[PDB]
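K.L.:
Got a structure here, written out as C-alpha cells. Questions coming.
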Amino acid sequence: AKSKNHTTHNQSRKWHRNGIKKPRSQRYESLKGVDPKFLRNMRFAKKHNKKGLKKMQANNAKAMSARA
Amino acid sequence: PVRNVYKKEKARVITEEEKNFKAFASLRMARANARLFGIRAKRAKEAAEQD
Amino acid sequence: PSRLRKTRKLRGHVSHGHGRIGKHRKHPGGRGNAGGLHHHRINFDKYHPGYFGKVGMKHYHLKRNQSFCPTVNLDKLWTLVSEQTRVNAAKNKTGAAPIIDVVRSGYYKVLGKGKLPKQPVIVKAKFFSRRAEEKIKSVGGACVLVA
Amino acid sequence: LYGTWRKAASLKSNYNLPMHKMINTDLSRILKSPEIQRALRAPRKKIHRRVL
Amino acid sequence: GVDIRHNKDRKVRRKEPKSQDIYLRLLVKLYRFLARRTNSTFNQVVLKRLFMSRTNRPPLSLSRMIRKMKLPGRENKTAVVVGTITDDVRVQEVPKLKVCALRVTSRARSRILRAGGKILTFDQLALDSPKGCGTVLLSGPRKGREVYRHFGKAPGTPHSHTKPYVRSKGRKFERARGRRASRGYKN
Amino acid sequence: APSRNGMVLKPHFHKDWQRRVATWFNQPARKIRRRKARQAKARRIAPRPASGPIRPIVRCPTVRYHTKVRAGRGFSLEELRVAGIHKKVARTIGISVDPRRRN
RNA sequence: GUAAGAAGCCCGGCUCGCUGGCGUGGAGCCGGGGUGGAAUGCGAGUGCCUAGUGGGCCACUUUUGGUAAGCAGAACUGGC
RNA sequence: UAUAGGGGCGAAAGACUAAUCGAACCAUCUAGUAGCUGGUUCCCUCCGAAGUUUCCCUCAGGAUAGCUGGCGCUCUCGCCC
RNA sequence: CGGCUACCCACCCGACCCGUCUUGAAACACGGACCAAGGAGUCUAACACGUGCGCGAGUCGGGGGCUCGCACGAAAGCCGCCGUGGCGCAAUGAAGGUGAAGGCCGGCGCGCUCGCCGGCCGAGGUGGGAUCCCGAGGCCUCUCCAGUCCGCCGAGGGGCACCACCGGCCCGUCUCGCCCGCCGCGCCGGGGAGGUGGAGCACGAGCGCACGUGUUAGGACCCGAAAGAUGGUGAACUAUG
RNA sequence: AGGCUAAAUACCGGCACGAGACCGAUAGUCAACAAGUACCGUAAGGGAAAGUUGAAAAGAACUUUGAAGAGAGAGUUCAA
Ligand SMILES: [Mg+2]
Ligand SMILES: [Mg+2]
Ligand SMILES: [Mg+2]
Ligand SMILES: [Mg+2]
Ligand SMILES: [Mg+2]
Ligand SMILES: [Mg+2]
Ligand SMILES: [Mg+2]
Ligand SMILES: [Mg+2]
Ligand SMILES: [Mg+2]
Ligand SMILES: [Mg+2]
Ligand SMILES: [Mg+2]
Ligand SMILES: [Mg+2]
Ligand SMILES: [Mg+2]
Ligand SMILES: [Mg+2]
Ligand SMILES: [Mg+2]
Ligand SMILES: [Mg+2]
Ligand SMILES: [Mg+2]
Ligand SMILES: [Mg+2]
Ligand SMILES: [Mg+2]
Ligand SMILES: [Mg+2]
Ligand SMILES: [Mg+2]
Ligand SMILES: [Mg+2]
Ligand SMILES: [Mg+2]
Ligand SMILES: [Mg+2]
Ligand SMILES: [Mg+2]
Ligand SMILES: [Mg+2]
Ligand SMILES: [Mg+2]
Ligand SMILES: [Mg+2]
Ligand SMILES: [Mg+2]
Ligand SMILES: [Mg+2]
Ligand SMILES: [Mg+2]
Ligand SMILES: [Mg+2]
Ligand SMILES: [Mg+2]
Ligand SMILES: [Mg+2]
Ligand SMILES: [Mg+2]
Ligand SMILES: [Mg+2]
Ligand SMILES: [Mg+2]
Ligand SMILES: [Mg+2]
Ligand SMILES: [Mg+2]
Ligand SMILES: [Mg+2]
Ligand SMILES: [Mg+2]
Ligand SMILES: [Mg+2]
Ligand SMILES: [Mg+2]
C-alpha cells in the first residue's frame, strides 16, 4: 500500500493561475517594530508639533509671502 | 389595579453646594466603607486589647 | 420552494453535486464537534481561539438579576424627556433647571459621552461615572444620587 | 381609520401612511418637460452598420 | 484556438436592479435616460447607486448629513442621498438645508419641517437639476456594520482583532487556550 | 464534520425528540374554549365582575423590578384589620385575603 | 533579488522628554518650485460565501536505488 | 415425565437443542452504526479543477492552505500627455 | 407536380455496450433476458453569508385579551397604562468593580519634561479619493453695445464610500512620580506621564419577514451487515436421567 | 416528620361529529373487497393477493354443427 509521498509537480502552474501578487503599495509605511526609544522621541515630538508650530510658521509664511 | 404613580417635580432652581458635594467620590467612599466596616471594628477591638 | 431548490436543477447528474471520487456517505469526519483536540485542531483552533480550558471563578447560583444596571449615555440623557419641555424650560426664563429622572425611564447608571449643551439639568440616578459627573459640573448641572 | 399624510390614524394607535417615493410620477410629462429637454445632447439616430 | 488568455466573460457588474419595486424601476428608467442623454457623471453614479443593492446602500444619519454640509462651500447646495436618512438622538439643532433622498423616516421628516428645510424626491431632484448641478452626493457607514467586524484573515493569529463567533460574550466562552498565556498558548 | 468559519453549535437533539412533539394546532381551539368559559362564567355565576376579587398595589422584590408596580394577591391581614372587617365577611364582600403577606 | 521617479529631487523654517562641544546628528511637522524620465503588451484594485480535490500516470532534459524493467522514488516544463 | 439459551444435555465430536448451534427461535430497541461496495431521475448556456503544504492511532478518512465558481463594491478611458 | 420526414431497402466512409471504481474499460473487471408501475438530497431546530421587503435607534406580538353565534373564519382586524420579554444602542476584567471629547484664544503659579480661571468651536490630522463649486482664456455672416444663447478648459477650492498611517478616549495588568477631598483623616478614595493586551469608542444600523447556498444534530440522499440488550415460545427431531 | 380540595394542562385507547393546498387500488392503515381473512410454523408469531358490464339484465329467445367446452346465424342496447 505504498503511495507517492511528496512532490512539487503541478505547483507553479497553480501559482500562476492568479498572477502572484506583491503587496506593492504601502503609502505611509507601518510603524510598529521600530525602536521604543525612537518612539518615545517621535510621539512627544509630534504632540509638541501639534502644540507649538503655530506662530513661528505663521510669521515665516508672512515673511516668505512678503519676499516672494 | 396598576396605578403607576407619576411624581413630576418639574420646577426647581439650581441650589447651594449639594452640586459641589454630591460628586462621584461619595459612591466610592461608601463602597470602601461598606467593604472595610468590620475590619476597622476588629482593629478597634485589638487597640482596646493591646492597652 | 422545491421548484427553486437546487435539487430539481441537479436531476440528471450522476453523483448529484457531491463528486464521484470523494463519496460523501454518512458522516466522514465525525459528528458535531468530534475531534476537537485530535484531528480538527486547525478548525477549532485558528477559527475559535480560547475554546478549551477553564478561565476563572465559579460563582454558584448566578442570576442576571442582581447586576441589572442599564447604562444611559449623555446623548440618550436628553430625549427621555420631550424637546418641548427642555425648550420651554430653558427659553431664557430663570436659573431653574428641569429634572431628568432616568430611573423613571428604566435606566440606572449614567455614563459619559460628548454632546452636552450649556443648558443645565438635574440628573437623578443610582450610579454615575466620574466622566459624566465632570461633564455635568462643566455644563453647570446638579448631580443627585437616589436609591 | 387611516388618515391623511398630515395627521395620524385615530383608530389605529401607531400607524401612519407610507412614504410616497415619486410624488409627481408622470414619466412622459417629466421627459417631455422643457427643464429636461433643455439639457439633452442631440437626437442621434444614425446606425453606422457594417461596411464590407 | 485564438485566445490563450482565460475566458472571464462578464466582469463583475449588476446591470438590472434585482429589486422588483416599480417606483425603483421608474427611477432607474429616468436616471438611465438622464445618464445616457445628459453627459452627467453625477447621473452616472446615481444610476449605479440605484443599480446597487439594498444592503450596500447603508442608511444615512441626520448628524452626518448636517456635518457634511457644515463644511465651507456647502451652504446653498442640496444633499442628494441614494438611500435613507434617519433620525439621530444626538444633535439638537438642524440647519435650513435641503434634502433629496429616498424613504426618509418620520421623525427626521418632522424635525426637518420644524427646522424649516425642504425635503424632495428624485423626480423633483431631476426636474430641478438634470445634470445634477448644486448637488453633493453622500454615502453612509458601510464598514460600521456588525457583519463586517467578523471579516479578516483570522480571529486571532496576529491577534487579528476580528471578533470570533460565539453565543455569549463573557466568561467560559472562548477565553482559555489562545486568549491568555497561562492556559496553553496565547494567539 | 465541521467546516469554514461559523459558530460552534451544541444542539440538544441527541435525545429522541420525535416522540415528544407538542405543536399548538389547538391554539384557536383553546382560544374559543376559554372565550366560552369566560362568557359562561359571566352568564352563570353572578353579576360579580370578571376577575372577581380585587388585587392589591404590590411592589416586585428585586433590584430590577422594584421601580414598577404590580397587582398582588391578597390584602395582608394587618391591612384588613386596619380596614376593620372580618376575614370571611371580607371574602364574601369581594376582598382577596392572603394571610401570608406581611407589612 | 533590487532600482528604472511626482510616494521622486531641491530650498527655507518649527518640534523633540532621542542624541549631544556646537542651530551637532537623526526623525516628525509646515510652505514653495518645476512631472516629457527604458522596450513591449494589458484597463486595475478589493471584500464575502462555497462545491469538488486530498489513489495519479506518461514524455525530452538533470538524477537517486537496482543488473534491468511497462520497477520504485525526486527537479523544470508539457500532455493524458 | 424432568432438565430452556450464556442456559440445558453431552461414553466428549464445541457434537445435539424442531432442516439453523463455537451460543436456538419470534418480536421490540431499530430505519442500530459503517471513514466501507452499488445507485442517485428534464434540457440549454457560461466558467471550470486536484491527486499538493502542514496536522491528526494519521496511510481507503478528515481539518487547513492552494486550485475553482457565484455574488458584488471602488475606480479608469471614450474629446505636448 | 413537389415534399422534409420516428416507413422499408441499397450503396461509400466512420463506427467495440452502456453505468461506474480507477492513472487506465470494449475489456479475459463488475450490474444488466425484456417490458409497465414505484424508487433516492425532503422536513424541523440552530448558525453564518448573499438577496428582496417594511419600520428604522429602535424593531418584533410569535404569549394572552377584545368583536355577535357565521361556510370559506384553525383565516383576518385591533390592543399601547398589554413592550413582560428577545436582539441592538457599551465594552473590559476571573472578580470586587470601572466605563468611552477633545481642540482653539487670553490670564496666573519660575508657559516649570507644570496645574488652574474666563470665552469659543466641536467627533482630530495626513496622502489618495467618484462627485460637486469657482474660474483665466477661446469660439458662433461686416462694425461699439449687450442679456440666456453654441461652448470646453490649464489652474484652484470644499471633500462622500473606503483604503494606508499618525494622534486621541474606555477597561485589566506593568513602570515612574506629585497633588486634591472629607456624612470623617484611614493598610480612605480619586487624579497625572509612558509601554502594553481587548471581540472596544472615535455620530450609531439594527429588528422582523421571505428566498437561495453551506454546516451541524436529528433515520436525514436511498439499501446493506458480523454484533449487543429487553421480554416471551420450543425436549413432536436430537442428548441424558 | 398528619390529611382533603374544582380551575388553567395532557389524551396515537373508546363513543359520536366536522374539515382538509394529503393519497387515489404497486398510493393511502396490513386490510376500499367474506382482513387480521385465506395460508404458513408445534408454539410465541408471521400475514397476503383481490374495486369497476351496461341507464336498466333488457345477462343473447329461437335455428343449426358437435357428447359437451365452443362456434355460425338471429336478437337487446347509443355501443357486444
Ligand atoms: Mg497521495
Ligand atoms: Mg456535471
Ligand atoms: Mg481518496
Ligand atoms: Mg468528503
Ligand atoms: Mg475559435
Ligand atoms: Mg473554457
Ligand atoms: Mg466539506
Ligand atoms: Mg436515538
Ligand atoms: Mg457540493
Ligand atoms: Mg516512477
Ligand atoms: Mg506503482
Ligand atoms: Mg491532449
Ligand atoms: Mg474432540
Ligand atoms: Mg476442536
Ligand atoms: Mg439441527
Ligand atoms: Mg461462534
Ligand atoms: Mg444470546
Ligand atoms: Mg438508511
Ligand atoms: Mg440495518
Ligand atoms: Mg496521509
Ligand atoms: Mg473505493
Ligand atoms: Mg478547504
Ligand atoms: Mg475568486
Ligand atoms: Mg471569478
Ligand atoms: Mg478520475
Ligand atoms: Mg488498478
Ligand atoms: Mg465503461
Ligand atoms: Mg470475474
Ligand atoms: Mg456487466
Ligand atoms: Mg450478469
Ligand atoms: Mg416511473
Ligand atoms: Mg440579511
Ligand atoms: Mg423591557
Ligand atoms: Mg459489546
Ligand atoms: Mg430473559
Ligand atoms: Mg420424547
Ligand atoms: Mg449419548
Ligand atoms: Mg401538610
Ligand atoms: Mg385539574
Ligand atoms: Mg389502476
Ligand atoms: Mg394489496
Ligand atoms: Mg351499475
Ligand atoms: Mg361509441
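As shown in the C-alpha cells, the chain order sets the letters A, B, ...; within each chain, residues go from 1, and ligands are also counted from 1 in the order they appear.
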Give the strand (DSSP E) residues of range 105-184 of chain E, as DSSP finds them on the backbone, and put them as a list in words.

P.N.:
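Secondary structure check on range 105-184 of chain E, strand (DSSP E): residues 118, 119, 120, 135, 136, 137 and 138 of chain E.
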
K.L.:
Would you output that residue set with N, CA and C atoms, as an mmCIF file, in the first residue's frame?

P.N.:
data_model
loop_
_atom_site.group_PDB
_atom_site.id
_atom_site.type_symbol
_atom_site.label_atom_id
_atom_site.label_comp_id
_atom_site.auth_asym_id
_atom_site.auth_seq_id
_atom_site.Cartn_x
_atom_site.Cartn_y
_atom_site.Cartn_z
ATOM 1 N N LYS E 118 -36.293 71.781 3.340
ATOM 2 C CA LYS E 118 -37.164 71.254 2.298
ATOM 3 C C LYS E 118 -36.668 69.879 1.884
ATOM 4 N N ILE E 119 -37.522 68.876 2.032
ATOM 5 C CA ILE E 119 -37.236 67.529 1.554
ATOM 6 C C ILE E 119 -37.827 67.370 0.163
ATOM 7 N N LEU E 120 -37.160 66.569 -0.659
ATOM 8 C CA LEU E 120 -37.579 66.325 -2.028
ATOM 9 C C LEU E 120 -37.525 64.830 -2.299
ATOM 10 N N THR E 135 -25.521 69.981 -6.324
ATOM 11 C CA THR E 135 -25.790 68.804 -5.515
ATOM 12 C C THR E 135 -24.494 68.248 -4.945
ATOM 13 N N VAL E 136 -24.604 67.573 -3.803
ATOM 14 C CA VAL E 136 -23.496 66.835 -3.203
ATOM 15 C C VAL E 136 -23.991 65.434 -2.886
ATOM 16 N N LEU E 137 -23.380 64.432 -3.510
ATOM 17 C CA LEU E 137 -23.774 63.054 -3.273
ATOM 18 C C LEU E 137 -23.059 62.505 -2.045
ATOM 19 N N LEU E 138 -23.814 61.831 -1.182
ATOM 20 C CA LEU E 138 -23.294 61.311 0.072
ATOM 21 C C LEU E 138 -23.546 59.813 0.171
#

K.L.:
Would you pick out the contacts of residue 25 in chain B at 8 Å or less, using only C-alpha atoms (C1' of nucleotides), so that residues sharing its chain but fewer than 4 positions from it are not included, and give the list as a list in words?

P.N.:
residues 29 of chain B; 189 and 190 of chain I

K.L.:
Got a sec: who's within 7 Å of range 74-78 of chain C, counting only C-alpha atoms (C1' of nucleotides), leaving out chain neighbours fewer than 5 positions off, as a ChimeraX atom specification?

P.N.:
/C:111-116 /E:89-90

K.L.:
Would you list the contacts of residue 59 in chain A as a PDB file with C-alpha atoms (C1' of nucleotides), in the first residue's frame, taking every protein, DNA or RNA residue within 12 Å and counting only C-alpha atoms (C1' of nucleotides), but skipping same-chain residues closer than 6 positions in sequence?

P.N.:
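Dumped to part-v4.pdb:
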ATOM      1  CA  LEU A  53       4.165  75.136  15.465  1.00  0.00           C
ATOM      2  CA  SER A  65       4.794  85.889   1.166  1.00  0.00           C
ATOM      3  CA  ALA A  66       6.308  89.357   1.609  1.00  0.00           C
TER       4      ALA A  66
ATOM      5  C1'   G G  13      11.631  77.150   8.715  1.00  0.00           C
ATOM      6  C1'   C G  14       9.458  74.911  13.559  1.00  0.00           C
ATOM      7  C1'   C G  30       4.804  73.136   7.620  1.00  0.00           C
ATOM      8  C1'   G G  31       5.295  76.184   2.957  1.00  0.00           C
TER       9        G G  31
END

K.L.:
Hey, what's within 9 Å of residue 69 in chain F if we count only C-alpha atoms (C1' of nucleotides) and toss same-chain stuff fewer than 2 positions away? As an MDAnalysis selection string, please?

P.N.:
(chainID B and resid 2:5) or (chainID F and resid 57:60 65:67 71)

K.L.:
Counting only C-alpha atoms (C1' of nucleotides) and all ligand atoms, which protein, DNA or RNA residues come within 6 Å of ligand 9, given as a PyMOL selection string?

P.N.:
(chain C and resi 17-18) or (chain G and resi 51)

K.L.:
Within 12 Å of ligand 19, counting only C-alpha atoms (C1' of nucleotides) and all ligand atoms, which protein or nucleic acid residues do you find, written as a VMD selection string?

P.N.:
(chain H and resid 30 to 34) or (chain I and resid 219 223 to 225 227)

K.L.:
For CA of residue 99 in chain F and CA of residue 54 in chain F, determine how far apart the two atoms are, in Å to one decimal place.

P.N.:
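Going from CA of residue 99 in chain F over to CA of residue 54 in chain F, I get 15.2 Å.
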
K.L.:
Write out as a ChimeraX atom specification each polymer residue (protein, DNA or RNA) that has an atom no more than 12 Å from ligand 32, with only C-alpha atoms (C1' of nucleotides) and all ligand atoms counted.

P.N.:
/E:53-56,145-147 /I:48-53,206-212

K.L.:
Within 9 Å of residue 172 in chain E, counting only C-alpha atoms (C1' of nucleotides), which residues qualify if same-chain residues fewer than 2 places away don't, as a PDB file with C-alpha atoms, in the first residue's frame?

P.N.:
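Contents of result09.pdb, as written:
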ATOM      1  CA  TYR C  51     -12.290  27.147  23.330  1.00  0.00           C
ATOM      2  CA  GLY C  53      -9.998  25.082  29.332  1.00  0.00           C
ATOM      3  CA  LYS C  54     -11.073  26.902  32.476  1.00  0.00           C
ATOM      4  CA  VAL C  55     -10.772  30.666  32.866  1.00  0.00           C
ATOM      5  CA  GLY C  56     -11.858  31.962  36.271  1.00  0.00           C
TER       6      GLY C  56
ATOM      7  CA  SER E 168     -22.404  34.768  24.948  1.00  0.00           C
ATOM      8  CA  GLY E 170     -18.364  36.687  28.504  1.00  0.00           C
ATOM      9  CA  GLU E 174     -13.770  31.038  24.072  1.00  0.00           C
ATOM     10  CA  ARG E 175     -11.407  32.589  26.619  1.00  0.00           C
ATOM     11  CA  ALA E 176      -8.860  29.935  27.678  1.00  0.00           C
TER      12      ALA E 176
END

K.L.:
Kindly provide, as a PDB file with N, CA, C and O atoms (P, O5', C5', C4', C3', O3' and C1' of nucleotides), in the first residue's frame, all nucleotide and amino acid residues lying within 12 Å of ligand 4, counting only C-alpha atoms (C1' of nucleotides) and all ligand atoms.

P.N.:
ATOM      1  N   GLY C  17     -23.939  16.525  -7.261  1.00  0.00           N
ATOM      2  CA  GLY C  17     -23.305  17.638  -6.582  1.00  0.00           C
ATOM      3  C   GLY C  17     -22.302  17.299  -5.501  1.00  0.00           C
ATOM      4  O   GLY C  17     -21.845  18.211  -4.804  1.00  0.00           O
ATOM      5  N   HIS C  18     -21.931  16.027  -5.330  1.00  0.00           N
ATOM      6  CA  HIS C  18     -21.025  15.644  -4.252  1.00  0.00           C
ATOM      7  C   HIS C  18     -19.889  14.748  -4.730  1.00  0.00           C
ATOM      8  O   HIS C  18     -19.237  14.095  -3.910  1.00  0.00           O
ATOM      9  N   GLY C  19     -19.638  14.699  -6.032  1.00  0.00           N
ATOM     10  CA  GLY C  19     -18.455  14.037  -6.540  1.00  0.00           C
ATOM     11  C   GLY C  19     -18.544  12.530  -6.642  1.00  0.00           C
ATOM     12  O   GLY C  19     -19.264  11.884  -5.876  1.00  0.00           O
ATOM     13  N   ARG C  20     -17.810  11.959  -7.594  1.00  0.00           N
ATOM     14  CA  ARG C  20     -17.727  10.512  -7.715  1.00  0.00           C
ATOM     15  C   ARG C  20     -16.592   9.917  -6.897  1.00  0.00           C
ATOM     16  O   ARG C  20     -16.680   8.755  -6.485  1.00  0.00           O
ATOM     17  N   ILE C  21     -15.536  10.683  -6.649  1.00  0.00           N
ATOM     18  CA  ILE C  21     -14.329  10.150  -6.027  1.00  0.00           C
ATOM     19  C   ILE C  21     -14.415  10.193  -4.506  1.00  0.00           C
ATOM     20  O   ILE C  21     -14.114   9.205  -3.832  1.00  0.00           O
ATOM     21  N   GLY C  22     -14.836  11.331  -3.948  1.00  0.00           N
ATOM     22  CA  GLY C  22     -14.801  11.502  -2.503  1.00  0.00           C
ATOM     23  C   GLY C  22     -15.852  10.691  -1.772  1.00  0.00           C
ATOM     24  O   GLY C  22     -15.590  10.185  -0.675  1.00  0.00           O
ATOM     25  N   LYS C  23     -17.046  10.564  -2.367  1.00  0.00           N
ATOM     26  CA  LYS C  23     -18.128   9.685  -1.911  1.00  0.00           C
ATOM     27  C   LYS C  23     -18.577  10.034  -0.488  1.00  0.00           C
ATOM     28  O   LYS C  23     -18.296   9.319   0.475  1.00  0.00           O
ATOM     29  N   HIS C  24     -19.218  11.196  -0.372  1.00  0.00           N
ATOM     30  CA  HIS C  24     -19.807  11.609   0.898  1.00  0.00           C
ATOM     31  C   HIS C  24     -20.937  10.663   1.286  1.00  0.00           C
ATOM     32  O   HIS C  24     -22.037  10.753   0.733  1.00  0.00           O
ATOM     33  N   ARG C  25     -20.684   9.755   2.239  1.00  0.00           N
ATOM     34  CA  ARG C  25     -21.639   8.670   2.505  1.00  0.00           C
ATOM     35  C   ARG C  25     -22.619   9.025   3.619  1.00  0.00           C
ATOM     36  O   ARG C  25     -23.788   9.318   3.357  1.00  0.00           O
ATOM     37  N   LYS C  26     -22.142   9.036   4.864  1.00  0.00           N
ATOM     38  CA  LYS C  26     -22.991   9.351   6.009  1.00  0.00           C
ATOM     39  C   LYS C  26     -22.444  10.508   6.831  1.00  0.00           C
ATOM     40  O   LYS C  26     -23.107  11.543   6.956  1.00  0.00           O
ATOM     41  N   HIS C  27     -21.231  10.364   7.370  1.00  0.00           N
ATOM     42  CA  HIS C  27     -20.555  11.270   8.292  1.00  0.00           C
ATOM     43  C   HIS C  27     -19.062  10.985   8.218  1.00  0.00           C
ATOM     44  O   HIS C  27     -18.552  10.166   8.993  1.00  0.00           O
ATOM     45  N   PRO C  28     -18.334  11.619   7.295  1.00  0.00           N
ATOM     46  CA  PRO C  28     -16.946  11.193   7.059  1.00  0.00           C
ATOM     47  C   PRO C  28     -15.973  11.619   8.143  1.00  0.00           C
ATOM     48  O   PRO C  28     -15.067  10.849   8.482  1.00  0.00           O
ATOM     49  N   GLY C  29     -16.127  12.816   8.700  1.00  0.00           N
ATOM     50  CA  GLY C  29     -15.142  13.324   9.635  1.00  0.00           C
ATOM     51  C   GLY C  29     -15.443  13.047  11.091  1.00  0.00           C
ATOM     52  O   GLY C  29     -14.550  13.102  11.941  1.00  0.00           O
ATOM     53  N   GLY C  30     -16.694  12.742  11.390  1.00  0.00           N
ATOM     54  CA  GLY C  30     -17.158  12.568  12.745  1.00  0.00           C
ATOM     55  C   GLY C  30     -18.560  13.110  12.871  1.00  0.00           C
ATOM     56  O   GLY C  30     -19.285  13.219  11.885  1.00  0.00           O
TER      57      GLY C  30
ATOM     58  N   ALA F   1     -16.133  16.557  10.219  1.00  0.00           N
ATOM     59  CA  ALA F   1     -17.510  17.049  10.195  1.00  0.00           C
ATOM     60  C   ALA F   1     -17.684  18.592  10.176  1.00  0.00           C
ATOM     61  O   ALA F   1     -18.524  19.071   9.418  1.00  0.00           O
ATOM     62  N   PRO F   2     -16.914  19.406  10.980  1.00  0.00           N
ATOM     63  CA  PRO F   2     -17.069  20.860  10.817  1.00  0.00           C
ATOM     64  C   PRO F   2     -16.428  21.403   9.549  1.00  0.00           C
ATOM     65  O   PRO F   2     -15.896  20.654   8.724  1.00  0.00           O
ATOM     66  N   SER F   3     -16.470  22.724   9.402  1.00  0.00           N
ATOM     67  CA  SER F   3     -16.265  23.384   8.119  1.00  0.00           C
ATOM     68  C   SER F   3     -15.640  24.757   8.313  1.00  0.00           C
ATOM     69  O   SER F   3     -14.954  25.000   9.311  1.00  0.00           O
TER      70      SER F   3
ATOM     71  P     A G  51     -17.835  23.715   1.108  1.00  0.00           P
ATOM     72  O5'   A G  51     -18.090  22.948  -0.262  1.00  0.00           O
ATOM     73  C5'   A G  51     -19.369  22.410  -0.561  1.00  0.00           C
ATOM     74  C4'   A G  51     -19.509  22.094  -2.027  1.00  0.00           C
ATOM     75  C3'   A G  51     -18.575  21.023  -2.564  1.00  0.00           C
ATOM     76  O3'   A G  51     -19.045  19.713  -2.302  1.00  0.00           O
ATOM     77  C1'   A G  51     -18.563  22.883  -4.021  1.00  0.00           C
ATOM     78  P     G G  52     -18.091  18.632  -1.594  1.00  0.00           P
ATOM     79  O5'   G G  52     -17.112  18.164  -2.759  1.00  0.00           O
ATOM     80  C5'   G G  52     -17.621  17.605  -3.959  1.00  0.00           C
ATOM     81  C4'   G G  52     -16.629  17.741  -5.083  1.00  0.00           C
ATOM     82  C3'   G G  52     -15.247  17.167  -4.812  1.00  0.00           C
ATOM     83  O3'   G G  52     -15.188  15.785  -5.101  1.00  0.00           O
ATOM     84  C1'   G G  52     -15.041  19.354  -5.683  1.00  0.00           C
ATOM     85  P     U G  53     -14.269  14.800  -4.233  1.00  0.00           P
ATOM     86  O5'   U G  53     -12.793  15.368  -4.399  1.00  0.00           O
ATOM     87  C5'   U G  53     -12.034  15.086  -5.565  1.00  0.00           C
ATOM     88  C4'   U G  53     -10.741  15.855  -5.577  1.00  0.00           C
ATOM     89  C3'   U G  53      -9.757  15.513  -4.471  1.00  0.00           C
ATOM     90  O3'   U G  53      -8.964  14.386  -4.800  1.00  0.00           O
ATOM     91  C1'   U G  53      -9.955  17.874  -4.690  1.00  0.00           C
ATOM     92  P     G G  54      -9.145  12.993  -4.023  1.00  0.00           P
ATOM     93  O5'   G G  54      -7.890  12.934  -3.050  1.00  0.00           O
ATOM     94  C5'   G G  54      -6.595  13.291  -3.509  1.00  0.00           C
ATOM     95  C4'   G G  54      -5.887  14.148  -2.496  1.00  0.00           C
ATOM     96  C3'   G G  54      -5.530  13.445  -1.195  1.00  0.00           C
ATOM     97  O3'   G G  54      -4.293  12.759  -1.262  1.00  0.00           O
ATOM     98  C1'   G G  54      -6.665  15.466  -0.716  1.00  0.00           C
TER      99        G G  54
ATOM    100  P     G H  35     -19.101   6.196   6.713  1.00  0.00           P
ATOM    101  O5'   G H  35     -17.843   6.470   5.775  1.00  0.00           O
ATOM    102  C5'   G H  35     -17.028   7.620   5.971  1.00  0.00           C
ATOM    103  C4'   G H  35     -15.580   7.357   5.638  1.00  0.00           C
ATOM    104  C3'   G H  35     -15.243   5.922   5.238  1.00  0.00           C
ATOM    105  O3'   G H  35     -14.162   5.943   4.307  1.00  0.00           O
ATOM    106  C1'   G H  35     -14.011   6.507   7.156  1.00  0.00           C
ATOM    107  P     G H  61      -9.430   8.086   1.132  1.00  0.00           P
ATOM    108  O5'   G H  61     -10.194   8.731   2.370  1.00  0.00           O
ATOM    109  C5'   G H  61     -11.495   8.298   2.732  1.00  0.00           C
ATOM    110  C4'   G H  61     -11.847   8.742   4.128  1.00  0.00           C
ATOM    111  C3'   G H  61     -11.730  10.234   4.391  1.00  0.00           C
ATOM    112  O3'   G H  61     -12.849  10.974   3.942  1.00  0.00           O
ATOM    113  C1'   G H  61     -10.607   9.075   6.091  1.00  0.00           C
ATOM    114  P     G H  62     -12.632  12.412   3.261  1.00  0.00           P
ATOM    115  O5'   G H  62     -12.380  13.381   4.498  1.00  0.00           O
ATOM    116  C5'   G H  62     -13.388  13.550   5.480  1.00  0.00           C
ATOM    117  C4'   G H  62     -12.855  14.136   6.762  1.00  0.00           C
ATOM    118  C3'   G H  62     -12.278  15.536   6.679  1.00  0.00           C
ATOM    119  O3'   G H  62     -13.284  16.534   6.664  1.00  0.00           O
ATOM    120  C1'   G H  62     -10.852  14.162   7.972  1.00  0.00           C
ATOM    121  P     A H  63     -13.050  17.919   5.885  1.00  0.00           P
ATOM    122  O5'   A H  63     -12.115  18.756   6.863  1.00  0.00           O
ATOM    123  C5'   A H  63     -12.581  19.176   8.136  1.00  0.00           C
ATOM    124  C4'   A H  63     -11.484  19.849   8.918  1.00  0.00           C
ATOM    125  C3'   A H  63     -10.774  20.986   8.201  1.00  0.00           C
ATOM    126  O3'   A H  63     -11.469  22.215   8.301  1.00  0.00           O
ATOM    127  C1'   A H  63      -9.173  19.520   9.129  1.00  0.00           C
TER     128        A H  63
END

K.L.:
Can you tell me which residues surround range 191-197 of chain I at a distance of at most 10 Å, considering only C-alpha atoms (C1' of nucleotides), apart from same-chain residues fewer than 3 positions away, and format the answer as an MDAnalysis selection string?

P.N.:
(chainID A and resid 36 40) or (chainID E and resid 159 179:180) or (chainID I and resid 113 172:180)

K.L.:
Could the residues of chain H within 12 Å of chain A, counting only C-alpha atoms (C1' of nucleotides), be given as number ranges by chain, please?

P.N.:
H: 49-53, 59-60, 66-68
